[PDB]
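I have placed the structure first, in the form of structure tokens, so that the comments after it can refer back to it.
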Amino acid sequence: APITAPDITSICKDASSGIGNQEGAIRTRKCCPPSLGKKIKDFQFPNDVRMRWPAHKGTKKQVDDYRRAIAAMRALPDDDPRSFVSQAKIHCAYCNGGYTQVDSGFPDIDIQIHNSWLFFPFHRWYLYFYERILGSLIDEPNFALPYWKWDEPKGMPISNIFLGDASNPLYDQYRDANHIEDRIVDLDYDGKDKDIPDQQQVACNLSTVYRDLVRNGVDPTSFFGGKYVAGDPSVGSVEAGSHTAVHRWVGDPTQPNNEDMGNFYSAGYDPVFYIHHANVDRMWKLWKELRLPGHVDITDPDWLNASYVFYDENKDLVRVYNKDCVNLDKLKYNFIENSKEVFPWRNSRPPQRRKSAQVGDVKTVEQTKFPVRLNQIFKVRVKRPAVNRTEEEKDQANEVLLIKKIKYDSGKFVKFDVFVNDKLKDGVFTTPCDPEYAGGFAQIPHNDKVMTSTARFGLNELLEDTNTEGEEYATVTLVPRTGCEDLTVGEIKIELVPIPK
Ligand SMILES: [Cu+2]
Ligand SMILES: [Cu+2]
């Protein structure tokens with residue numbers, strides 16, 4: 001029973017999900033696509049590779065092509081599926097409950113590609129057509145999108161090509177003014193700017209990438225997201241991590257729903273949105289090229305046969321499947337990489353905690369009455385499935401912390417941090433990217449006419465970094481950051497997950 005997008009031209013409705021303040025909304029909620037009376041045809045692969053370039057190291061030609069392309073797209077009539085507005089509505093229609101699972105036999109259930117394993121493949125198809133449309137608008141058959149390389153220090157700030165004023169096609173007034181001044185991106189943003197040096201921000205941005213691709217991105221479930229079929233799946237490490245941070249970091253916090261980037265329904269109206277996801281799409285490639293155990297593609301038929309519908313460069317309706325976007329070579333595009341051998345985030349594992357900087361009585365899961373609400377710092381000891389595991393055992397299965405049944409009002413942005421075994425003496429110098437930090441759970445608004453979620457955290461490296469591989473219990477600390485005044489956690493447990501081959 002795979003998720004199947006219906007006739008987006010026939011069955012569609014106004015966006016009513018993920019919008020806290022529907023009144024005084026800067027962008028439209030009528031995200032339905034144009035009706036050209038088109039028949040949905042099956043997808044077919046292209047022929048001869050599009051090289052996507054770093055937005056911060058683009059040449060005059062590369063930048064001019066992109067600017068001229070967006071300008072051409074902005075020039076098209078709104079009724080055109082290939083227009084700037086129509087393309088932005090695509091994200092709104094799929095992320096803010098524009099369609100339903102009517103094709104699966106459930107017209108009362110909305111389709112939501114986010115917070116599931118449909119996250120990566122959908123946005124890949126989204127960019128694929130969005131990329132080919134722009135290329136056709138400027139008569140560039142080998143046109144390629146840039147990508148925001150925020151995993152590299154010099155590429156972390158927003159590229160100046162997007163800055164300027166309305167004369168620039170890549171400009172968007174609806175961005176955070178405090179963040180467009182050549183300032184470094186915060187890949188662990190929680191709604192409030194941190195008072196740290198630029199050196200520290202870059203160092204911890206690299207750590208965030210390492211945390212999302214290695215520490216937490218241990219298996220297909222933890223990386224892509226939870227299983228989602230027709231009829232509260234886990235959110236991926238990338239999706240609920242660096243990805244969400246950038247959206248809230250760029251979005252203008254003065255606007256009602258943090259438009260444009262700060263919300264799904266309006267994100268498409270900012271040109272940087274597609275360039276951000278261009279690098280999120282690249283995380284998928286890097287995640288595999290690491291060639292670490294567990295870093296494999298999805299093989300579940302329920303995922304492979306899942307499909308969406310898009311307008312292509314020829315205004316034709318095309319149905320694409322997830323099974324046909326695992327190989328970039330077949331889609332005929334890739335990313336221009338640096339000559340340097342390794343990636344600066346490749347070894348950005350948090351430093352080992354000194355025992356001399358560490359020092360007790362905390363309730364366990366049995367002694368605690370669930371569900372608990374995260375209106376303050378919450379601590380609890382969780383029984384581990386094993387202790388003193390050998391290098392062979394830790395290389396065969398991941399010890400994963402599971403925070404399940406996360407209930408909360410998804411009318412606004414929510415985030416809380418997760419610390420494990422934080423027994424630091426009270427005179428120690430702390431940093432954002434400390435070893436105790438397991439990561440966080442962040443969610444862009446996606447409410448429906450209180451949402452429930454689940455998080456996953458790897459402990460293989462963390463327990464070693466905190467000198468607690470021999471301890472029977474692990475002290476888990478949940479720290480609310482924003483929108484947790486009503487958040488509720490239903491279950492907490494640690495389990496050994498075998499690494500798939
Ligand atoms: Cu999206
Ligand atoms: Cu996004």
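Please note that chains go A, B, ... in the order of the structure tokens, that every chain numbers its residues from 1, and that ligands are numbered from 1 in the order shown.
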
Around ligand 1, at most 12 Å away and counting only C-alpha atoms and all ligand atoms, which residues are there? Put them as a PyMOL selection string, please.
-> chain A and resi 18+88-96+112-116+118-127+239-240+243-244+247+261-268+273-274+276-278+280-281+443-446

How would the residues just chosen look if you wrote them out with N, CA and C atoms as a short mmCIF file (atom, residue, chain, number, x, y, z; two decimals), in the first residue's frame?
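So part-v7.cif came out as:
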```cif
data_model
loop_
_atom_site.label_atom_id
_atom_site.label_comp_id
_atom_site.auth_asym_id
_atom_site.auth_seq_id
_atom_site.Cartn_x
_atom_site.Cartn_y
_atom_site.Cartn_z
N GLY A 18 0.15 23.17 8.53
CA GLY A 18 1.45 23.77 8.73
C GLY A 18 1.45 25.28 8.65
N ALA A 88 6.72 27.14 -6.75
CA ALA A 88 6.69 27.31 -5.30
C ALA A 88 5.47 26.62 -4.70
N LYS A 89 4.38 26.58 -5.45
CA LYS A 89 3.14 25.97 -4.99
C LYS A 89 3.27 24.45 -4.89
N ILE A 90 4.21 23.88 -5.63
CA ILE A 90 4.44 22.44 -5.61
C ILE A 90 4.79 21.98 -4.20
N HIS A 91 5.71 22.70 -3.57
CA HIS A 91 6.13 22.37 -2.21
C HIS A 91 4.96 22.56 -1.24
N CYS A 92 4.19 23.61 -1.47
CA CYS A 92 3.04 23.93 -0.63
C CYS A 92 1.96 22.86 -0.73
N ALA A 93 1.74 22.34 -1.94
CA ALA A 93 0.69 21.36 -2.17
C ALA A 93 0.99 20.03 -1.49
N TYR A 94 2.27 19.66 -1.45
CA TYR A 94 2.69 18.37 -0.89
C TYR A 94 3.01 18.42 0.60
N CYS A 95 3.33 19.61 1.11
CA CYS A 95 3.77 19.75 2.50
C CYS A 95 2.70 20.34 3.42
N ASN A 96 1.70 20.98 2.83
CA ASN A 96 0.63 21.62 3.59
C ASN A 96 -0.74 21.04 3.27
N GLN A 112 1.50 13.65 3.16
CA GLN A 112 2.58 14.43 3.76
C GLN A 112 3.92 13.74 3.49
N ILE A 113 4.70 14.31 2.58
CA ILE A 113 5.98 13.73 2.20
C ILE A 113 7.07 13.98 3.24
N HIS A 114 6.86 14.97 4.10
CA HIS A 114 7.84 15.32 5.12
C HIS A 114 7.76 14.36 6.30
N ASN A 115 8.70 14.51 7.23
CA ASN A 115 8.84 13.63 8.40
C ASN A 115 8.58 12.16 8.08
N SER A 116 9.16 11.69 6.98
CA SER A 116 9.06 10.30 6.58
C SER A 116 10.20 9.96 5.63
N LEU A 118 9.97 9.54 2.63
CA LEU A 118 9.67 10.17 1.35
C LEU A 118 10.36 11.53 1.23
N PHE A 119 10.99 11.97 2.32
CA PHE A 119 11.63 13.28 2.37
C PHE A 119 12.66 13.47 1.25
N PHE A 120 13.68 12.63 1.25
CA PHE A 120 14.76 12.73 0.27
C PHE A 120 14.32 12.54 -1.18
N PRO A 121 13.66 11.41 -1.49
CA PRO A 121 13.34 11.14 -2.89
C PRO A 121 12.38 12.15 -3.53
N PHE A 122 11.44 12.68 -2.75
CA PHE A 122 10.51 13.68 -3.27
C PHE A 122 11.24 14.94 -3.69
N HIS A 123 12.07 15.46 -2.80
CA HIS A 123 12.79 16.70 -3.07
C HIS A 123 13.80 16.52 -4.19
N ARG A 124 14.27 15.29 -4.39
CA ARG A 124 15.17 14.99 -5.49
C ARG A 124 14.45 15.12 -6.83
N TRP A 125 13.24 14.57 -6.91
CA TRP A 125 12.43 14.69 -8.11
C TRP A 125 12.02 16.14 -8.30
N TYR A 126 11.71 16.80 -7.19
CA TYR A 126 11.31 18.20 -7.21
C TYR A 126 12.39 19.06 -7.87
N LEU A 127 13.63 18.91 -7.42
CA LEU A 127 14.75 19.67 -7.97
C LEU A 127 15.07 19.25 -9.40
N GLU A 239 16.87 15.57 8.24
CA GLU A 239 15.62 16.31 8.15
C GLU A 239 15.33 17.13 9.40
N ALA A 240 15.41 16.48 10.56
CA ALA A 240 15.12 17.14 11.83
C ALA A 240 16.34 17.85 12.39
N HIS A 243 18.87 20.48 8.24
CA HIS A 243 17.88 20.91 7.26
C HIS A 243 16.88 21.89 7.86
N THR A 244 16.27 21.51 8.98
CA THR A 244 15.28 22.35 9.64
C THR A 244 15.90 23.65 10.13
N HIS A 247 16.14 26.37 7.43
CA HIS A 247 14.83 26.91 7.10
C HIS A 247 14.44 28.02 8.08
N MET A 261 11.17 31.14 4.01
CA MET A 261 11.82 29.87 4.29
C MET A 261 11.36 29.21 5.58
N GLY A 262 10.81 29.99 6.50
CA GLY A 262 10.47 29.49 7.82
C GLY A 262 9.22 28.62 7.85
N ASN A 263 8.61 28.40 6.69
CA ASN A 263 7.42 27.57 6.60
C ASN A 263 7.34 26.88 5.25
N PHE A 264 6.79 25.67 5.23
CA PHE A 264 6.72 24.87 4.02
C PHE A 264 5.90 25.56 2.93
N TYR A 265 4.80 26.19 3.33
CA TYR A 265 3.84 26.73 2.37
C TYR A 265 4.39 27.93 1.61
N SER A 266 5.42 28.56 2.16
CA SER A 266 5.98 29.77 1.57
C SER A 266 7.44 29.61 1.16
N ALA A 267 8.05 28.49 1.53
CA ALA A 267 9.48 28.27 1.30
C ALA A 267 9.85 28.37 -0.18
N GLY A 268 8.97 27.88 -1.04
CA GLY A 268 9.25 27.84 -2.46
C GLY A 268 9.38 29.20 -3.11
N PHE A 273 15.73 28.46 -1.32
CA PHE A 273 15.10 27.21 -0.89
C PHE A 273 15.59 26.03 -1.72
N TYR A 274 15.56 26.18 -3.04
CA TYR A 274 15.94 25.10 -3.95
C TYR A 274 17.44 24.83 -3.88
N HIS A 276 19.28 25.33 -1.13
CA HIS A 276 19.49 24.65 0.14
C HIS A 276 19.26 23.15 -0.02
N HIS A 277 18.12 22.79 -0.59
CA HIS A 277 17.77 21.39 -0.78
C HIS A 277 18.67 20.72 -1.81
N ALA A 278 19.34 21.53 -2.63
CA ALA A 278 20.31 21.00 -3.58
C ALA A 278 21.46 20.36 -2.81
N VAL A 280 21.07 19.42 0.47
CA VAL A 280 20.43 18.35 1.24
C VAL A 280 20.37 17.10 0.37
N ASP A 281 20.10 17.31 -0.91
CA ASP A 281 20.09 16.22 -1.88
C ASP A 281 21.50 15.64 -2.01
N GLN A 443 11.14 20.41 14.38
CA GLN A 443 10.06 20.21 13.42
C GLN A 443 9.44 21.53 12.97
N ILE A 444 9.44 21.74 11.65
CA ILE A 444 8.73 22.85 11.04
C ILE A 444 7.23 22.56 11.15
N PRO A 445 6.39 23.60 11.35
CA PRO A 445 4.95 23.36 11.51
C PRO A 445 4.33 22.50 10.40
N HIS A 446 3.61 21.46 10.81
CA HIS A 446 2.94 20.56 9.88
C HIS A 446 1.66 19.99 10.51
#
```

Pick out the residues sitting within 7 Å of residue 407 (chain A), and hand them over as a JSON list (two decimals) with N, CA, C and O atoms, in the first residue's frame; count only C-alpha atoms, and ignore anything fewer than 2 positions along from it in its own chain.
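Contents of out33.json, freshly written:
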```
[["chain", "number", "residue", "atom", "x", "y", "z"],
["A", 405, "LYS", "N", 6.52, 8.68, 20.70],
["A", 405, "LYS", "CA", 5.27, 9.33, 21.09],
["A", 405, "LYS", "C", 5.51, 10.76, 21.55],
["A", 405, "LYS", "O", 5.09, 11.15, 22.64],
["A", 450, "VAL", "N", -2.68, 18.55, 17.48],
["A", 450, "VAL", "CA", -1.46, 18.06, 18.10],
["A", 450, "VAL", "C", -0.91, 16.86, 17.33],
["A", 450, "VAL", "O", -1.60, 15.86, 17.15],
["A", 451, "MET", "N", 0.33, 16.98, 16.88],
["A", 451, "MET", "CA", 0.99, 15.93, 16.10],
["A", 451, "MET", "C", 1.88, 15.06, 16.98],
["A", 451, "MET", "O", 2.37, 15.51, 18.02],
["A", 452, "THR", "N", 2.09, 13.81, 16.56],
["A", 452, "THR", "CA", 2.92, 12.85, 17.29],
["A", 452, "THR", "C", 4.12, 12.44, 16.44],
["A", 452, "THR", "O", 3.97, 12.18, 15.24],
["A", 453, "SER", "N", 5.29, 12.35, 17.06],
["A", 453, "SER", "CA", 6.52, 12.05, 16.34],
["A", 453, "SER", "C", 7.43, 11.08, 17.10],
["A", 453, "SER", "O", 7.09, 10.60, 18.18],
["A", 487, "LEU", "N", 4.93, 20.38, 24.82],
["A", 487, "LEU", "CA", 5.47, 19.14, 24.27],
["A", 487, "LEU", "C", 5.38, 18.01, 25.29],
["A", 487, "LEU", "O", 5.51, 18.23, 26.49],
["A", 488, "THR", "N", 5.15, 16.79, 24.79],
["A", 488, "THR", "CA", 4.97, 15.62, 25.64],
["A", 488, "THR", "C", 5.73, 14.43, 25.06],
["A", 488, "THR", "O", 5.64, 14.17, 23.86],
["A", 489, "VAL", "N", 6.47, 13.72, 25.91],
["A", 489, "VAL", "CA", 7.19, 12.52, 25.51],
["A", 489, "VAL", "C", 6.52, 11.30, 26.12],
["A", 489, "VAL", "O", 6.35, 11.22, 27.34]]
```

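Using only C-alpha atoms and all ligand atoms for every distance, the candidate list A:353, A:425, A:319, A:248 yields A:248 as the residue closest to ligand 2.
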
Could you produce a table of the residues of region 272-317 of chain A lying within 10 Å of region 72-82 of chain A, with the nearest pair of atoms per residue and their separation in Å rounded to one decimal, using only C-alpha atoms, ordered by chain and increasing residue number, as a Markdown table?
```
| residue | atom | partner | partner_atom | distance |
| --- | --- | --- | --- | --- |
| A:310 | CA | A:81 | CA | 9.2 |
| A:311 | CA | A:81 | CA | 6.5 |
| A:312 | CA | A:82 | CA | 7.9 |
| A:313 | CA | A:82 | CA | 7.2 |
| A:314 | CA | A:82 | CA | 9.0 |
| A:315 | CA | A:81 | CA | 6.8 |
| A:316 | CA | A:81 | CA | 9.6 |
```

Selected residues written out with N, CA and C atoms, as a PDB file, in the first residue's frame:
```pdb
ATOM      1  N   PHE A 310       4.572  15.576 -11.282  1.00  0.00           N
ATOM      2  CA  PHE A 310       5.133  16.895 -11.557  1.00  0.00           C
ATOM      3  C   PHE A 310       4.902  17.307 -13.006  1.00  0.00           C
ATOM      4  N   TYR A 311       4.965  18.611 -13.255  1.00  0.00           N
ATOM      5  CA  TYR A 311       5.028  19.136 -14.611  1.00  0.00           C
ATOM      6  C   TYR A 311       6.489  19.230 -15.030  1.00  0.00           C
ATOM      7  N   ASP A 312       6.795  18.782 -16.244  1.00  0.00           N
ATOM      8  CA  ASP A 312       8.162  18.841 -16.757  1.00  0.00           C
ATOM      9  C   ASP A 312       8.366  20.067 -17.644  1.00  0.00           C
ATOM     10  N   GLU A 313       9.544  20.158 -18.254  1.00  0.00           N
ATOM     11  CA  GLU A 313       9.895  21.296 -19.099  1.00  0.00           C
ATOM     12  C   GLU A 313       8.933  21.466 -20.274  1.00  0.00           C
ATOM     13  N   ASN A 314       8.269  20.380 -20.665  1.00  0.00           N
ATOM     14  CA  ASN A 314       7.354  20.402 -21.803  1.00  0.00           C
ATOM     15  C   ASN A 314       5.891  20.473 -21.368  1.00  0.00           C
ATOM     16  N   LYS A 315       5.668  20.929 -20.137  1.00  0.00           N
ATOM     17  CA  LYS A 315       4.323  21.077 -19.581  1.00  0.00           C
ATOM     18  C   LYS A 315       3.546  19.762 -19.593  1.00  0.00           C
ATOM     19  N   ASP A 316       4.271  18.648 -19.597  1.00  0.00           N
ATOM     20  CA  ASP A 316       3.656  17.326 -19.550  1.00  0.00           C
ATOM     21  C   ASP A 316       3.623  16.794 -18.124  1.00  0.00           C
TER      22      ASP A 316
END
```

Exercise: residue 150 (chain A) partners within 10 Å, only C-alpha atoms, chain neighbours under 4 positions left out, as a list in words | residues 54, 55, 56, 154, 155, 156, 157, 158, 184, 185, 186, 187, 202, 205, 206, 209, 242, 246, 276, 279 and 280 of chain A

Suppose we keep C-alpha atoms; can you now write the selection as a compact mmCIF listing (two decimals), in the first residue's frame?
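Wrote it out as out_2.txt, contents follow:
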```
# COMPACT_ATOMS: atom_id res chain seq x y z
CA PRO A 54 29.02 25.60 -5.11
CA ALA A 55 27.05 28.84 -4.79
CA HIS A 56 30.09 30.55 -3.25
CA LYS A 154 33.75 29.42 3.15
CA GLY A 155 30.36 28.27 1.85
CA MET A 156 28.53 28.55 5.17
CA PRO A 157 27.39 32.18 4.84
CA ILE A 158 24.61 32.94 2.34
CA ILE A 184 27.78 32.27 9.21
CA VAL A 185 24.84 29.86 9.12
CA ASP A 186 23.78 28.09 12.30
CA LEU A 187 23.14 24.43 11.47
CA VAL A 202 32.15 26.86 11.97
CA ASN A 205 28.64 23.35 11.99
CA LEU A 206 31.13 20.71 10.89
CA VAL A 209 27.23 17.48 9.62
CA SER A 242 20.68 20.78 9.84
CA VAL A 246 18.54 26.45 7.82
CA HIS A 276 19.49 24.65 0.14
CA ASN A 279 22.87 20.42 -0.83
CA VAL A 280 20.43 18.35 1.24
```

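Distance check against residue 390 (chain A) using only C-alpha atoms: of A:324, A:470, A:317, A:356, the minimum falls on A:470.
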
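Pairwise distance (CA of residue 497 (chain A), CA of residue 397 (chain A)) equals 5.1 Å.
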
From a DSSP pass on the backbone, collect the residues of region 191-330 of chain A flagged as strand (DSSP E or B) and hand them back as a list in words.
->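 Strand (DSSP E or B) members of region 191-330 of chain A, listed: residues 234, 251, 307, 308, 309, 310, 311, 317, 318, 319, 320 and 321 of chain A.
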
Residue among A:500, A:58, A:251, A:435 lying closest to residue 172 (chain A), counting only C-alpha atoms =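 Of A:500, A:58, A:251, A:435, the one nearest residue 172 (chain A) is A:251, counting only C-alpha atoms.
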
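One finds CA of residue 416 (chain A) at 6.9 Å from CA of residue 482 (chain A).
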
Would you mind telling me which residue in A:297, A:448, A:399, A:198 lies nearest to residue 15 (chain A) when using only C-alpha atoms?
->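 Of A:297, A:448, A:399, A:198, the one nearest residue 15 (chain A) is A:448, counting only C-alpha atoms.
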
Run DSSP on the backbone of this structure and report the residues of region 91-308 of chain A it assigns to alpha helix (DSSP H), as an NGL selection string.
-> :A and (91-95 or 119-137 or 198-210 or 220-224 or 244-250 or 264-267 or 271-289 or 301-304)

Just-selected residues, C-alpha atoms written as a PDB file, in the first residue's frame:
```
ATOM      1  CA  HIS A  91       6.126  22.372  -2.212  1.00  0.00           C
ATOM      2  CA  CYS A  92       3.038  23.931  -0.634  1.00  0.00           C
ATOM      3  CA  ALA A  93       0.687  21.364  -2.168  1.00  0.00           C
ATOM      4  CA  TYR A  94       2.685  18.373  -0.894  1.00  0.00           C
ATOM      5  CA  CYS A  95       3.773  19.753   2.502  1.00  0.00           C
ATOM      6  CA  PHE A 119      11.627  13.283   2.367  1.00  0.00           C
ATOM      7  CA  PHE A 120      14.762  12.733   0.273  1.00  0.00           C
ATOM      8  CA  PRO A 121      13.337  11.138  -2.894  1.00  0.00           C
ATOM      9  CA  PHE A 122      10.510  13.678  -3.270  1.00  0.00           C
ATOM     10  CA  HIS A 123      12.789  16.704  -3.069  1.00  0.00           C
ATOM     11  CA  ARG A 124      15.170  14.992  -5.494  1.00  0.00           C
ATOM     12  CA  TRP A 125      12.430  14.691  -8.109  1.00  0.00           C
ATOM     13  CA  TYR A 126      11.314  18.204  -7.207  1.00  0.00           C
ATOM     14  CA  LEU A 127      14.752  19.666  -7.974  1.00  0.00           C
ATOM     15  CA  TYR A 128      15.231  17.418 -11.004  1.00  0.00           C
ATOM     16  CA  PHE A 129      12.310  18.943 -12.892  1.00  0.00           C
ATOM     17  CA  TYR A 130      12.884  22.403 -11.417  1.00  0.00           C
ATOM     18  CA  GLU A 131      16.436  22.163 -12.754  1.00  0.00           C
ATOM     19  CA  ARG A 132      15.424  21.000 -16.227  1.00  0.00           C
ATOM     20  CA  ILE A 133      12.735  23.683 -16.492  1.00  0.00           C
ATOM     21  CA  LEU A 134      15.198  26.506 -15.792  1.00  0.00           C
ATOM     22  CA  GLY A 135      17.638  25.027 -18.295  1.00  0.00           C
ATOM     23  CA  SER A 136      14.965  24.989 -20.989  1.00  0.00           C
ATOM     24  CA  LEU A 137      13.964  28.577 -20.206  1.00  0.00           C
ATOM     25  CA  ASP A 198      32.875  32.663  14.284  1.00  0.00           C
ATOM     26  CA  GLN A 199      35.586  30.066  14.929  1.00  0.00           C
ATOM     27  CA  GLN A 200      33.249  28.180  17.261  1.00  0.00           C
ATOM     28  CA  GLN A 201      30.252  28.364  14.918  1.00  0.00           C
ATOM     29  CA  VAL A 202      32.146  26.865  11.974  1.00  0.00           C
ATOM     30  CA  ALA A 203      33.679  24.152  14.146  1.00  0.00           C
ATOM     31  CA  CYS A 204      30.251  23.115  15.423  1.00  0.00           C
ATOM     32  CA  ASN A 205      28.639  23.346  11.991  1.00  0.00           C
ATOM     33  CA  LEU A 206      31.130  20.706  10.888  1.00  0.00           C
ATOM     34  CA  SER A 207      30.199  18.697  13.975  1.00  0.00           C
ATOM     35  CA  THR A 208      26.524  18.964  13.043  1.00  0.00           C
ATOM     36  CA  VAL A 209      27.229  17.478   9.618  1.00  0.00           C
ATOM     37  CA  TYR A 210      29.258  14.686  11.211  1.00  0.00           C
ATOM     38  CA  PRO A 220      18.408   3.802   6.342  1.00  0.00           C
ATOM     39  CA  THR A 221      15.692   4.260   8.976  1.00  0.00           C
ATOM     40  CA  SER A 222      17.695   6.831  10.949  1.00  0.00           C
ATOM     41  CA  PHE A 223      18.871   8.756   7.876  1.00  0.00           C
ATOM     42  CA  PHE A 224      15.966   8.848   5.414  1.00  0.00           C
ATOM     43  CA  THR A 244      15.282  22.350   9.639  1.00  0.00           C
ATOM     44  CA  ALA A 245      17.834  24.739  11.139  1.00  0.00           C
ATOM     45  CA  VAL A 246      18.540  26.452   7.817  1.00  0.00           C
ATOM     46  CA  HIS A 247      14.831  26.914   7.102  1.00  0.00           C
ATOM     47  CA  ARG A 248      14.256  28.708  10.401  1.00  0.00           C
ATOM     48  CA  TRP A 249      17.554  30.584  10.082  1.00  0.00           C
ATOM     49  CA  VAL A 250      16.793  32.135   6.683  1.00  0.00           C
ATOM     50  CA  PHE A 264       6.716  24.872   4.018  1.00  0.00           C
ATOM     51  CA  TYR A 265       3.840  26.729   2.372  1.00  0.00           C
ATOM     52  CA  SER A 266       5.985  29.773   1.574  1.00  0.00           C
ATOM     53  CA  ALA A 267       9.479  28.275   1.299  1.00  0.00           C
ATOM     54  CA  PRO A 271      15.138  31.132  -4.588  1.00  0.00           C
ATOM     55  CA  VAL A 272      17.561  29.961  -1.876  1.00  0.00           C
ATOM     56  CA  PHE A 273      15.105  27.212  -0.893  1.00  0.00           C
ATOM     57  CA  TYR A 274      15.944  25.104  -3.946  1.00  0.00           C
ATOM     58  CA  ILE A 275      19.663  25.745  -3.495  1.00  0.00           C
ATOM     59  CA  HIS A 276      19.488  24.646   0.139  1.00  0.00           C
ATOM     60  CA  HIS A 277      17.772  21.389  -0.784  1.00  0.00           C
ATOM     61  CA  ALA A 278      20.310  21.003  -3.579  1.00  0.00           C
ATOM     62  CA  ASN A 279      22.870  20.422  -0.829  1.00  0.00           C
ATOM     63  CA  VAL A 280      20.433  18.355   1.237  1.00  0.00           C
ATOM     64  CA  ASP A 281      20.091  16.222  -1.876  1.00  0.00           C
ATOM     65  CA  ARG A 282      23.896  16.080  -1.877  1.00  0.00           C
ATOM     66  CA  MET A 283      23.949  14.777   1.701  1.00  0.00           C
ATOM     67  CA  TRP A 284      22.349  11.641   0.273  1.00  0.00           C
ATOM     68  CA  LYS A 285      25.282  11.158  -2.116  1.00  0.00           C
ATOM     69  CA  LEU A 286      27.935  11.807   0.539  1.00  0.00           C
ATOM     70  CA  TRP A 287      26.119   9.540   2.992  1.00  0.00           C
ATOM     71  CA  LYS A 288      26.658   6.616   0.612  1.00  0.00           C
ATOM     72  CA  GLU A 289      30.155   7.516  -0.600  1.00  0.00           C
ATOM     73  CA  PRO A 301       8.828  -2.159  -2.202  1.00  0.00           C
ATOM     74  CA  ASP A 302       6.483   0.157  -0.272  1.00  0.00           C
ATOM     75  CA  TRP A 303       9.100   2.892  -0.714  1.00  0.00           C
ATOM     76  CA  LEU A 304      10.270   2.055  -4.240  1.00  0.00           C
TER      77      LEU A 304
END
```
